[PDB]
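Taken together, the values in this text are just the output of simple stated rules run on the coordinates, not laboratory data. Here Cβ is always computed from backbone atoms with ideal geometry, including for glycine, and neighbour counts include all displayed protein chains.
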Amino acid sequence: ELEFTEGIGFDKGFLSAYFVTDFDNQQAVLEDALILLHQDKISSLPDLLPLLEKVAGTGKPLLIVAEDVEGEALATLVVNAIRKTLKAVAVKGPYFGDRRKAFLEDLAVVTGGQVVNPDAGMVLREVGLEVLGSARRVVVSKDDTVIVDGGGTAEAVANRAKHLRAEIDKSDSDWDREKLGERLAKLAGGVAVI
């Protein structure tokens, strides 16, 4: 079809009500935000602090999409979001297994960021603003997240789309093909135009 819903979204909402910016619509709204995509779970504050201090210094709000966010890391995130010293929201990644990791890569592609993957050998404590994606607008609801106009490049998006189409033609499972198809549809609507 030619119709599509603006931005890229998934059925995962905020991890804490303390991140809510508008209780009328029960959602957290971020404008011109920075986006951290983390493969694993974020819990250690020391490991996350260095990047958070950098982000806090930028004045832009932050969306965090990880396997899960908890412990002392979630706490300082909540606290600083309340004080507004760092307007942020933490959300959990949508799917599971390879599909889960593949979707974070999709998000990184459309937002122009880089997935932080400790399993690959990366270390959060040493990453800078370069690993962060960007989006003109982010809206996190109780059970869903939508990202509008990501900062990804034309070639990264085009290549990812070509990659998904190839996966669709080499798939011998209708169930699988359909999942790939929905990722392709979402991908397209997440990037910024003009």
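Sorted ascending by nearby beta carbons within 10 Å, beginning with the fewest, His38, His163 become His163, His38.
A convex hull fitted to the Cα coordinates of the chain yields 124 cubic angstrom per residue.
Here the calculated FRET efficiency for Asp119 and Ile194, from their Cβ-Cβ distance with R0 = 35 Å, stands at 0.40, rounded to the nearest 0.05.
Pairs exceeding a 20 Å alpha-carbon distance, out of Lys60/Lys142; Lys60/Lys186; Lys54/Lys92; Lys92/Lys170; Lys101/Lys186; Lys162/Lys186: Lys60/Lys142; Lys60/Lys186; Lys54/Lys92; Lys92/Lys170. Taking the helices alone, the chain has a mean residue ellipticity at 222 nm of -12500 deg cm²/dmol, built from -39,500 (n - 2.57) per DSSP H run of at least 4 residues and averaged over all its residues. For the stretch 145-187, backbone nitrogen atoms closer than 19 Å to the point 7 Å from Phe96 Cα along Cα-to-C-beta are found at 175-180, 183. Scanning the chain for helices, which whole DSSP H stretches are 18 Å or more long along the axis (Cα) and average -1.0 or more by Kyte-Doolittle? Qualifying helices: 45-58, 71-83, 97-111, 154-169. For the chain, a Gaussian network of Cα nodes joined below 10 Å ranks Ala166, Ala90, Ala33 by mean-square fluctuation, and the top entry is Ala166. The calculated FRET efficiency for the pair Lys142 and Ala166, based on their C-beta separation and a Förster distance of 25 Å, comes to about 0.10. Each part reduced to its alpha carbon centroid, the stretch 24-63 and the stretch 143-159 end up 17 Å apart.
Between the beta carbons of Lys41 and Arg83, assuming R0 = 22 Å, the FRET efficiency works out to 0.35 to the nearest 0.05.
Seen from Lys101, the other residues with C-beta closer than 12 Å to its C-beta sum to a net charge of -4, counting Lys and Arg as +1 and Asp and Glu as -1.
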